[PDB]
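Enquirer: first chunk of the complex, coordinates as they sit in the assembly:
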Amino acid sequence: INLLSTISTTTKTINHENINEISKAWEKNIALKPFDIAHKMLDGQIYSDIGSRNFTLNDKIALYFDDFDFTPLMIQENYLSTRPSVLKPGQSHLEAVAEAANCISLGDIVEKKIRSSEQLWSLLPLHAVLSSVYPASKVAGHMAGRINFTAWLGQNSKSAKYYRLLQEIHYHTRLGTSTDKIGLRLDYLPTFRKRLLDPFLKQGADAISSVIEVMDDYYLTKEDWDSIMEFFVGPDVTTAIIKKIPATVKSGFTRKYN
Amino acid sequence: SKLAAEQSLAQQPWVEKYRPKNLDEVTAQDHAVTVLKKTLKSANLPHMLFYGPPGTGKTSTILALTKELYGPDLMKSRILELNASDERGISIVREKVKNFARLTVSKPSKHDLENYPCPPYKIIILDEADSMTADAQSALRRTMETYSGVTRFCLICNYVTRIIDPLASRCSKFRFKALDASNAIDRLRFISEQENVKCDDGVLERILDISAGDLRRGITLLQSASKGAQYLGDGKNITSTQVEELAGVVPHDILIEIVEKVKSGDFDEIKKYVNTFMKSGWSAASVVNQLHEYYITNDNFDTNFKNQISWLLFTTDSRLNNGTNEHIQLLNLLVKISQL
Amino acid sequence: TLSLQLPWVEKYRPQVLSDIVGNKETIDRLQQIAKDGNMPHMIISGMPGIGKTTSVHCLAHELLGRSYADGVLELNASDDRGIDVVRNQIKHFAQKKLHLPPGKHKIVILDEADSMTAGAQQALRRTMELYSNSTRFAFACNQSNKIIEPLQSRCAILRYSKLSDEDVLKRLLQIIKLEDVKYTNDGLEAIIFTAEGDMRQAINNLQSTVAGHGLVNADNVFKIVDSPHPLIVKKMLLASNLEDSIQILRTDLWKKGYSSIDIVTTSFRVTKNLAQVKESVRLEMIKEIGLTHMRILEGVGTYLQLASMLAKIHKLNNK
Amino acid sequence: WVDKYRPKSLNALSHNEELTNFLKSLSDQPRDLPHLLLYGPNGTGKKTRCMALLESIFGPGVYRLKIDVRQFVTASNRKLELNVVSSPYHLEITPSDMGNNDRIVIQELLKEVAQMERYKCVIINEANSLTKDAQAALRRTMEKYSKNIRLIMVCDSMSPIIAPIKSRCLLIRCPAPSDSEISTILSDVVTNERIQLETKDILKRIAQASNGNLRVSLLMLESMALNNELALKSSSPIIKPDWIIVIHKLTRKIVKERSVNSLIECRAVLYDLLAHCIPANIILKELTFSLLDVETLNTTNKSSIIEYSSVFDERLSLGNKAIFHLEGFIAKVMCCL
C-alpha cells in the first residue's frame, strides 16, 4: 500500500513496462534465515559462470554476514550431504569434501583467532570465505536429502555437561586417585565399572556391601555412581545393562546408600 | 635489615641469588648498559623498549638501572612495575597508568641527593608487553608522549613484533643479545667460583652451549649439577656428560641409533623405534636440535639433501612450537627425512 | 587571519528540490509530494555524498514553509539513539498540537538512522503508528539493512544510487560559473574520476584545489588529491609478471607510506569485487591474502610478507 | 590397586634409580631449591615422585591433604568455582578444569599465598592446558616471590609450555619404566593381593600392552582379575578401554570403505567420542597410530597419513572446535587411501 501511494503521485498508471525499476528499487533486503543461507550457499547454479556473473562473491560474503554465528556451523554440518555439480574433471566427491574440510579447518583457526584475545574482528571477511564460501564452492551442487540444522551446539552442551559431571567425580575421588581428570576418565573408569557394576551382574544382590565399601573408600555417591555408567561408549554401553539388572538389586542398593 | 636480606639471598636459588644489582654486573649487554650508565650522569632517559630472547637479563638490567638512579628508598616510591600477572586492559591503562603519570614525582629526602643522581622523573616498567592488547598499546602510545617530562616508560618484551609499530617508534629499541659461551663464560665462571663449584675444563662452556643464549637456564643447570655433585660427596669434578644427562640432552649413542634407523630401515622399523624412544620421555625440541646439529655439521651429505633436511627440521620445529604432540611430529620428521 | 568563509559544500548547498542533480525519478517524486502534500513515511538510503540529507531538508522546507521551526524535529539518530529519547521527546513532539495547513504535517527527520539502537528502533513503531495522521517520519541512512524490517514495513523506501558523471559535471560547471574559477577539462575529469560518484567529495576537492593552486588542472588535482588507492592495488595484483607487481608494491605503495594493513585490506576488497578472473582463482587469491593479513595482524607486517603475497598470487596464476 | 600399593617416600620408589638419586640430591638442601618442571610420558608416576620429594623436603604429614572451595570473579562478573588441594606444607592447583579463565586463577590466588607468607610448595597439575596468557601471568610471579613460593609443574609434554616458563624452572624428565621393572611391580602387587598366576610371563605381556604406562598396567591388571576370578591363565584376554575399541573400529571402517557416506558415520563416531569426556589430541594420536598398524597399507600411504596427522595436530592446537579438524584429518586420510 505504501509503494502504491508513493509511486502513483508521479506515474498515474503503472504497467508491465516500468515494473522492473519498481521492483528493483523496492526489493526487500532482509537477512535470510540460516536454513535459507545454507540452501543458497550450497546451490550449484550459483557457482557457475552465469551464477558467478549474476550472484557475485560480494553477495556471497553478504549472505554469510546475514548470520555469521551459524553459517559456518551449518556449512560444516551439511556440506558432505550434497550431490555435487561443480566437480573438476578428474576429481571425485571424496577429494572435494577433503578440500572443503581443509578449508573448514582454516576457517575454524581464523574464527578462534577472531573470538580470542586481541579481538581480531577485522578478520571477519576472511572467516566469510574460509568457513562458508570456499567449502560450499568445493562441494556445490544439489541437496541430496534435507538440510539438517547444525548438531555441534547439542554435542557441545552434552560434552560440557559430561565434563562437569567428570569434574565432580574427579574432585570427589582425588583423595585416592591422585590423577588428573583425563587420566581418571581414560583409565580409572574401565576399572570402576568392573568394580561397581560387574558384581551386580555376576553375584546378584549379595554384592551390595562390597560395592558400597568400594564407593565409600573413594567417597563416591549415588548420583556419582549414576554418572559413572554414562561415560562408557562403544561395545560397553550401560543404558541397557542397568535395566537388565533386577529391580530388587537396585532397590537394595538404594536402601543401603540411604 | 641488611643482614636479613643477605641471609635471604644466601638461602635463595642461584638465579635470584646472583641477580645483577648494579649496571656493572650485566656482562654481555654492554651496548645497552653503556647508554644506561651515561644517562645516569645526565637526566635524559628516553622511553625504552627492551627486546630479545628469554634469559638475557632485561628485567635485571632495568632493575639495576632503577636502583642506581633512585636508591633503595625512592625505588619503592618512583617506580611503577606492571607485569604480565596484572590486568592491563584499556580501562587499566587509561585509569591507573595515566593517573600515575599525571602525578608529580615524589620529593626525595636529604640522604638521596648526596649519594644518587635523583632525576626529576619517575619510571613505569611494563614487563611482558606481548600480552597487552593493541588498543591498550595505543592508549600507552598517547600517554607516553604528552607526560614525558615527569615519567619515563620502559616496555620489556620477548617478541618485538607483538607491539604496534608506533609504540616501537616512540621508544628507543634495545636488543638484548643471545648469551652464548663467549660473552657469558666469565659470568658462569664467577658464579661457579663463588659457590666453590669444582668442575672440569669444558663444563661451563658446554652448559652455555646447551643453554642456547639463555643465562637463566645455564645458571639453573650449574645449580642442579652442583647439588648433584655435593650429594655424592665423592670430591671429584662435574663432568660434561653429567651436565647433559640432567639437561635433557639425548645421549650420542641413542642419536646415532636414530641416524642408522633413518638411513637404513622401512616405515615399520622407524615407527617402532619412535614408539620405544618416546618411552624415555625426551623433549622433542632437544631431539630436533640434535638432529639438526648432526646433519648440518656432518660433511657426508649432499647439498640438495642439506636444503631439504634444513627445511624439514624448520617445519617440524615451527609445528612443535605451537603446542603439538611430540611423538607425531617426531615420527613425521623421521619418516619424511627417511624418504630423502 | 581573523575568519574563514563558508565551504562550497554549505555555501552552494541546494535549498530547493530543483537544484539537486541526483536521481531524476525520486527527485521528481519528492517535488510532486511537496506540491501536493500528504508526505508519507520514508527512508532514504544510498552512499555518502549523493544528496540524501539535502533532499530531505529541502523537502521539509518546501513542505512546511515558515512553519519549519515549529514543525520539523531534526535529530541525528547517532546523536540521539536512546529508547528514552523516543519515549519522551519524539513522543511529546508527535502528540504536540500544531495548527498546520490542511495538506502539511509535522516532520521528524532522523539523520544517520542506521546507528539507532534496537530498543529505540522497536519503540518507534507504535509511536509512528498511533500518531501517523499528524506526524511523519523521514529516515536518512547509508545501509537499509541496519533498520529493522517492521520499521521499513511502514514507510516508502528510496534507494539512491551513485551519481552519473554528467550530473556531477553539470553541478561542478554551475559552481565554477557561480564562483569564477579558472579550470581545465582535464582537471574536471580528474575531479570526477577521484570523486567516485560522491558529489560532496568532488565539491570539497574542487574547493581545496582552487584554494591551494588557483587553477583546476589535472596536474594540480593529482598533486593535491592522490589517485584512488584501490586502483593501484588492482593494477598490482593483475600484473602478468612478478617483477612488475613487486615494482608497483615497492614504489607506489611501500615507498609512499602506505601501511601494510591498509595494503592487505585493499587487496582483500579488490579481489572480493574483482571480475576479470574466475571464481576459483578469486577465492584462492582471497585465501592467500587472508593468510597474509593474519600474519600482518600479529605485528609481522613488513615488506617481505607483501612480497610473499604477490609471489604466491603469481604462482596461483601460473596454473 | 592404583592407590593401595603406591610409594610414599623416595626410598619406597622401585624404578628409575638414577631419577631417585637425582631427587635425593635435589632434596638434600631443600631451602636452596629452584622451581621444578616434571615432564615425561603419561602414567609414568611423576606425580608420585613429586609427592615423595615433598615428603622428603617436609615431614610425613604432606599426604594428609584436604579439598577446599574458592570463588573467583572474572572480567564478566562470573562466579568461577575452583576446588583446591591443600596441605599444611604445600598446595595443588589444576587450572585445566576451566576454559580461558585460567590466568585469573593463576594471578590472584598465588598472590594470596605469595603475600600471606620457610616456603609453601605449589603444584601445577597438567601445565599443558595452561593458556599462553596464564603462562605469561605466571612468568613474573615465579620470579618476584621466590623466597615464599616454589612451583612444581607436572606435565606430559613441554611442547605447549612457552620458553620463559621452561627457562625459569629446572627440567626433570621421567622416563617410562622398563618392561622388566613394570613386571616386578606387577609381581609384587599380585603376591600381596593374592592373585594366582600359572606363569609369570603374563605379567610381562601386560607391560607390552601398556606402552610403558604404570597406571594403565595396574588398572589393566585389575580389569584382568575380575573376568578370570583372581586367577590369570595362559590365554587371559587383554581388556582394552572402551574408547580404544571404538577408535580401532573407526580405523577398520576407514581402511575398509572410503566415501562420504562412511564419512558421515565417522563424523557420528567422532561426535560420540568427543561428547564423552575424551580429548581430541588423544583421539587423533590413537587413530593415527592404529591406522599405521594396518598391514594393508604401504609405506607411501603411511607417510602421507603421518604427514596429515601432524598437519591437523597443528590445526587442532591452533583451533578450538575439535570435530572441525578431526573430520578434515579423516577426510584427507580417506583421500590418501
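Expert: Structure's in. What do you need? Numbers count the residues shown, from 1 in each chain, chains lettered A, B, ... in the order given.
Enquirer: hang on, residue B:45 packs against residue B:122?
Expert: No. Using CB atoms under 8 Å, residue B:45 makes no contact with residue B:122, being 10.5 Å away. All C-beta atoms are positioned from the backbone trio N, CA, C, and that covers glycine.
Enquirer: anything in contact with each of those two?
Expert: Common contact partners of residue B:45 and residue B:122 (CB atoms under 8 Å, 6 or more residues apart in numbering or on different chains): residue B:152.
Enquirer: and the gap between the residue most central in space within chain D and residue D:92?
Expert: Taking CA atoms, centre = their mean, the centroid of chain D lies closest to residue D:42, which sits 3.9 Å from it. From residue D:42 across to residue D:92, the span is 17 Å (CB to CB, to the nearest Å).
Enquirer: again with residue B:273
Expert: Counting by CB to CB, the gap from residue B:273 to residue D:92 is 36 Å.
Enquirer: these two: which has the busier surroundings?
Expert: Taking other CB atoms under 10 Å in any protein chain shown, residue B:273 and residue D:92 do not tie; residue D:92 has more neighbours (22 against 19).
Enquirer: so who does that one touch?
Expert: By CB under 8 Å, 6+ apart, the contact set of residue D:92 is D:65, D:84-86, D:122-123, D:125.
Enquirer: go again using 10 Å as the cut-off
Expert: Contact analysis of residue D:92 by CB atoms under 10 Å, 6 or more residues apart in numbering or on different chains lists A:174, A:178, D:47, D:50-51, D:65, D:67, D:84-86, D:121-125, D:152, D:154.
Enquirer: using CSV, write down the CA coordinates of stretch B:186-199.
Expert: Output of stretch B:186-199 as CSV, limited to C-alpha atoms (Å, rounded to 0.1, in the frame of the first residue of the first chain):
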residue,chain,number,x,y,z
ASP,B,186,83.1,-15.0,32.5
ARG,B,187,79.8,-14.7,34.4
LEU,B,188,79.4,-18.5,34.6
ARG,B,189,83.0,-18.9,35.9
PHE,B,190,82.5,-16.2,38.5
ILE,B,191,79.2,-17.8,39.7
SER,B,192,80.9,-21.2,39.9
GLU,B,193,83.9,-19.9,41.9
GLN,B,194,81.5,-18.0,44.3
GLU,B,195,79.9,-21.4,45.1
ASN,B,196,83.1,-23.4,45.0
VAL,B,197,81.8,-25.5,42.1
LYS,B,198,84.8,-27.7,41.2
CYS,B,199,84.1,-28.6,37.5
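Enquirer: could you also fit chain E onto it:
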Amino acid sequence: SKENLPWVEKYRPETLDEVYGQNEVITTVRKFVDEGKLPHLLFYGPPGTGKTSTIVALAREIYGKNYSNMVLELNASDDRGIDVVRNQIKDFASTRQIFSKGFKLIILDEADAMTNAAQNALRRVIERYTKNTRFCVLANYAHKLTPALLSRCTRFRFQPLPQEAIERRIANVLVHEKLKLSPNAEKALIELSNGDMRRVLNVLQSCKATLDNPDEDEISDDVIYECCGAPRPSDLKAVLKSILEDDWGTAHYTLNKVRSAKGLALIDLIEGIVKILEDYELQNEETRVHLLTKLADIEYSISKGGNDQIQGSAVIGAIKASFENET
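Expert: Chain E added:
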C-alpha cells in the same frame, strides 16, 4: 628545562618552518591558513612522519602562544567514546572562544582507534557545526575510518621523509649539540631509518651516550652499528657470498661466526638479505617465488620463537634451494 627531555621530544618542531620532509603539504596548509580557507584536514601517514608536530605548529601559528587553551585536542589516551563526543565536541563546537575571536580547532589525534558509533555521531557534528570550527583527524591507518567520515575531510598523505630533509634535520641537531657525524655513518643512519625521524633521534642520542668521551671524537659507522645492533653491509654481503658459492659447512660456520661475533639478530640479517637480493637480476620468477615464500615463512616463525640455529640453517637452505633453480 628542555635539556632534560629526550632528543625525540627535545627537538619537536614548534613552527611550521621546522617541519621537514613534507613540502607540497606544508605550503598548501600555509596558503590555506593565510587566505583563510582552512577546510577539515585528515593527515594520514606512517608513524614519525610529523603529523602531530605540524598540526601543533599550525595551531600555534593560527592562535598564538595560548594554543593550549583555544584548541580542543582529543586523543586515543582519552575516552574516545560516543558520549564523550556528544558532550565535549558538541559543546566546544557550539560555544564561542573564551580568549579571543575566531574559529575553533579540534585535533582528533590517533582517531583511527575511535569507535564506529563515535565516528557515526561525529560525522553529523562536523557537517552541522562547520561555520565556526574545523576538524583535524590524524591517522596512521585509514581503513579504521568509516567512508562517510573519510569523505568529509580533505586528505593529506604524509610521505616518509626523503634523504635531503632528514639530513637537514640531523644537521640541525648536530648544530644544537656539540656533536659530529661521519658521512658514511650518516648514510647508514638514514638507511636504518625507513622515514622515521623518531628512530633517528633516539639512536642519535643513544650513540651520543655511547661515545664514552666528552665529544671531541666523531661518530663513525661502527658506533652507529654497535649501538643500534644492525648488521654491517660488509657482513651482509659476506654472509650472502658464503651462502651463495661456499660449502654448506663453510656457509654455516660463516653465518654462525658473523652472528655471534657481534651478537647479531637473525631477523636483521634476514631483512638485509631480502633488501640486498631485491636488486639481483634473475632470469625467471620461480626462484624469486620460492625465496620470498620461504623467507616470509621463516620470518613469521622467528616472530614467535623457536630454535635459532635451526632457523638460520633454514634460511641458508631456502636461499640455496631457491637459487638452485637458476641454472
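Enquirer: since we added chain E, can you redo the contacts of residue D:92?
Expert: Residue D:92 neighbours (CB under 10 Å, 6+ apart): A:174, A:178, D:47, D:50-51, D:65, D:67, D:84-86, D:121-125, D:152, D:154.
Enquirer: so what does residue D:149 look like in phi/psi?
Expert: Note on residue D:149: its backbone torsions stand at phi -130, psi 130 [degrees, to the nearest 10].
Enquirer: picking that back up, how far away is the residue nearest to the centre of chain D from residue A:28?
Expert: Distance, residue D:42 to residue A:28, by CB to CB: 58 Å.
Enquirer: please name the residues that touch the residue nearest to the centre of chain D.
Expert: Per CB under 10 Å, 6+ apart, neighbours of residue D:42: A:179-180, A:182-183, A:186-187, B:281, D:126, D:155-157, D:176, D:211-213, D:215-216, D:282.
Enquirer: quick check: residue E:68 touching residue B:146?
Expert: No. Between residue E:68 and residue B:146 there is no contact under CB atoms under 10 Å: 11.0 Å.
Enquirer: which one of these two is surrounded by more residues?
Expert: Counted by other CB under 10 Å, residue E:68 and residue B:146 do not tie: residue B:146 has more neighbours, with 15 against 11.
Enquirer: wait, the more buried one touches residue E:76, no?
Expert: No. The pair residue B:146 and residue E:76 does not pass the contact test of CB under 10 Å, sitting 11.3 Å apart.
Enquirer: what sits in contact with each of these two?
Expert: residue E:109.
Enquirer: which among the contacts of residue D:92 end up buried?
Expert: Buried by 16 or more other CB atoms under 10 Å in any protein chain shown: A:174, A:178, D:47, D:50-51, D:65, D:84-86, D:121-125, D:152, D:154, out of the contacts of residue D:92.
Enquirer: among the contacts of residue D:42, which are in strands?
Expert: residue D:155 (DSSP state E).
Enquirer: got a list of what the residue positioned nearest the centre of chain A touches?
Expert: By CA atoms, centre = their mean, chain A has its centre lying nearest to residue A:152, at 1.0 Å. When the contact criterion is CB under 10 Å, 6+ apart, the partners of residue A:152 are A:70, A:72-74, A:76-77, D:271, D:321, D:323-324.
Enquirer: at 6 Å what do you get?
Expert: residue A:73 (CB atoms under 6 Å, 6 or more residues apart in numbering or on different chains).
Enquirer: add chain F to what we have:
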Amino acid sequence: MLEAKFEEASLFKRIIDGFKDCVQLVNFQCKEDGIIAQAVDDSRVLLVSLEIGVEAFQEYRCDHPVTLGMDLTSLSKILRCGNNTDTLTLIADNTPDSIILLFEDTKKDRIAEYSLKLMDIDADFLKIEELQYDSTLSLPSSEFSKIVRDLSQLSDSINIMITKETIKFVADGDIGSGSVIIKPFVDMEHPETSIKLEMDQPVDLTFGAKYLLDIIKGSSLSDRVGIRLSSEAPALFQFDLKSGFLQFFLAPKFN
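Expert: Chain F now in position relative to the chains above:
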C-alpha cells in the same frame, strides 16, 4: 614552606564545591599575597579564576611561590572529612609534593591529618582579563540560581538580554517557552536584595544551560553575584568573597 591557617574550615569546602562539577584539575599558585587558581573545563567552554587573599587566612606563611597541581574529585572528599566547627591548615614543603591538610577542633582536642598527592599539570594558568564590558549588573545569588534552575528544565540554551533597565532570561524548548523579566530596583530596607544595573549598550546572547547550572553552584559563597556582559566577549559571573573573589568567564554560543 607553605603554611596557611583558615578562619573556618568550611569556607574552603564551600569554595571547592563550586568547582566540583565544572573543573577536574587545578593549579593553585601560592604567593605572598594569597592563593590564585585558574582552570578550564574539559570542553573548554568556561574558565574559573579564584583568588583568596591573606585576609581569609588566620595565619599565612609563603617563603617562595609554590605550584600545587591537584585533583578536585579527591580534595572534595578530603575536605568532607572535616567538621562544621573545625579549622583547616594547609601545609606544603619546600618542594611541592603531597599537600597536607590538618583539621583541628576549637572546642575539643582532635587532630585530623590528611594527605593529597600532587600532579604535574603542564599547562600554565596566569592569564588575566581586564577589559570594559557593555553591561554590569548585580543581583542576589539565590534569585539568579532560582531563575537558572527554573529555566534549565525548558531547554538546554538560556538567552540573556540586557536592555534599558530591563533584564530578560529567555528559554525556548520542545515542551514550551519561558521568559523572566526583571527591573533594577534599590531596596533600602535590605541592601542584599536590591538589583543594580549599569548598561552602556544593549546585549543579547545565549549560553548553555548545564554550564549555567554549574556556575550557580557557587551561590553558597556570597549572597550577591555580579554579572558582566559584553559583545563578542566572555561573560563574567563573580562571587565576591571577604578576602578575594571567584569569577567564571563563560563563553556564549554561536548564533
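Enquirer: please re-evaluate the contacts of residue D:92 in the presence of chain F.
Expert: By CB under 6 Å, 6+ apart, the contact set of residue D:92 is D:85, D:123.
Enquirer: list the beta-bridge partners for it.
Expert: Taking DSSP bridges as the rule, residue D:92 bridges to residue D:85, residue D:123.
Enquirer: stretch A:40-56 close to chain C?
Expert: Yes. Counting by CB under 6 Å from any CB of the partner chain, chain C has neighbours in stretch A:40-56: residue A:52.
Enquirer: looking at the stretch 101-250 of chain D, which residue is nearest chain F?
Expert: Closest residue of the stretch 101-250 of chain D to chain F, CB to the nearest CB: residue D:115 (23.7 Å).
Enquirer: what about that residue, which SS state?
Expert: On the three-state scheme (DSSP: H, G, I helix; E, B strand; the rest coil), residue D:115 is labelled helix.
Enquirer: can you pull out the strands in chain E?
Expert: For chain E, strands defined by DSSP E occupy the ranges E:41-44, E:71-74, E:104-108, E:133-139, E:154-157.
Enquirer: and of those strands, who's closest to residue A:19?
Expert: For the strands of chain E, distance to residue A:19 was read as CB to CB. The smallest value, 42.6 Å, belongs to strand E:154-157.
Enquirer: adjacent strands (with direction) for that closest one?
Expert: Taking DSSP bridges as the criterion, strand E:154-157 forms sheet pairs with strand E:41-44 (parallel).
Enquirer: a helix runs through the residue nearest to the centre of chain D, doesn't it?
Expert: No. Under three-state DSSP, residue D:42 falls outside any helix and is assigned coil.
Enquirer: for residue 76, give me its contacts.
Expert: Since no chain was named, I'll use chain A. Going by CB under 6 Å, 6+ apart, residue A:76 touches residue A:104.
Enquirer: other chain: chain F
Expert: When the contact criterion is CB under 6 Å, 6+ apart, the partners of residue F:76 are F:16, F:20.
Enquirer: mind checking which helix or strand it is in?
Expert: Assigned by DSSP states H and E, residue F:76 belongs to helix F:72-79.
Enquirer: one more: residue F:115?
Expert: Element membership of residue F:115, judged by DSSP H and E, is strand F:111-116.
Enquirer: so what does that strand touch, helix or strand wise?
Expert: Secondary-structure packing of strand F:111-116 (3 or more CB pairs under 6 Å, 6 or more residues apart in numbering or on different chains; DSSP states H and E): strand F:99-105.
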